[PDB]
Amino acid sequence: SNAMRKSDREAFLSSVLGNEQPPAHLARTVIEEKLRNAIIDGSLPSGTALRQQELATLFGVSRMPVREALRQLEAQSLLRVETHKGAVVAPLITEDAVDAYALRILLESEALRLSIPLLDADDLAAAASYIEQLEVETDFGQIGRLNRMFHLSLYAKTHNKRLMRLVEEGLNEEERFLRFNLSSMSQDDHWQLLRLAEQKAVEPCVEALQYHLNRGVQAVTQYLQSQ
C-alpha cells in the first residue's frame, strides 16, 4: 500500500467504525461486532483492506484482539485473503449478480443497437413465436429456454462475433439460473421489446431492455438474500 491511500483508508475506517477504545478484555468481541455490522450493511465495501495494525491503532488496542476478530470474520466468510492485498472484506452474496447484470446491460444494449436496424421479417416472426410459446408455457425449465431464445432472436443481426459470444455466455448463465431457481423464487415487457424492435425504435428498445434487466437483477438479488 501507499502512504496517501493508507491515510485515506484510516480516515475512512474511523468515519465508518468510530474510534472508541474498548476495554482490553472486550476488544476481541467489540471489534468483531463493529466490523461485521459495517460489512453486512455495506458501509465497509468489499475489497476494503483489513489491516491488523491499522485497526489496532484505530481502536487503541494491541494487534492480537484485532487478529482474533479478523479470524472469526473469515470463518463467517465476511473477509478473505487476496494476494498482494492481505485480508479484505469479502463480496456479499449479491455482488456477482450485480456485476453480471451490469455487464449484460452494457453488452446486450450494444448487441441490440447493432441488430435492430437490420432485423428482417424472419427475425421478427421467430421472436413473436418465442413470446407466444412463453405465454402458454408452464414448465419452469422451458421458460428459461424460451426467454433465452426470445432475447437471442432480437440479437440475430448483431455483427460483432466477439460481442455475441459474450452475450450468449451471459444468456446461458441466466438460463441455467432460471432452470434451477425459477420454481423457488408476465410477457408484457417482452411484447414491448418486440414492438419497439419492429418499429426500429432503437434507443427506446435499448431503454426498455435496461429496465427489463434491472428488474431481473433486483429479483435475483432479492432471492439470493432470501437464501
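We number the residues from 1 along the sequence you see.
According to the record, 4 to 9 deposited residues between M185 and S186 are left without atomic coordinates. In this entry, 172-180 shows the higher mean Cα temperature factor of the pair 46-54 and 172-180. When the mean C-alpha temperature factors of 135-143 and 152-160 are read from the deposited coordinates, 135-143 comes out higher.
When the C-alpha B-factors of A27, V167, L70, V202 are ranked from the entry, the top spot goes to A27.
Take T83, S109, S115, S129 and read off each C-alpha B-factor from the entry; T83 has the highest. Ranked by C-alpha B-factor against the other modelled residues of its chain, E20 falls in the highest third.
For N37, the recorded CA B-factor ranks within the highest third of the chain. Only modelled residues enter the ranking. For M64, the recorded CA B-factor ranks within the middle third of the chain. Only modelled residues enter the ranking.
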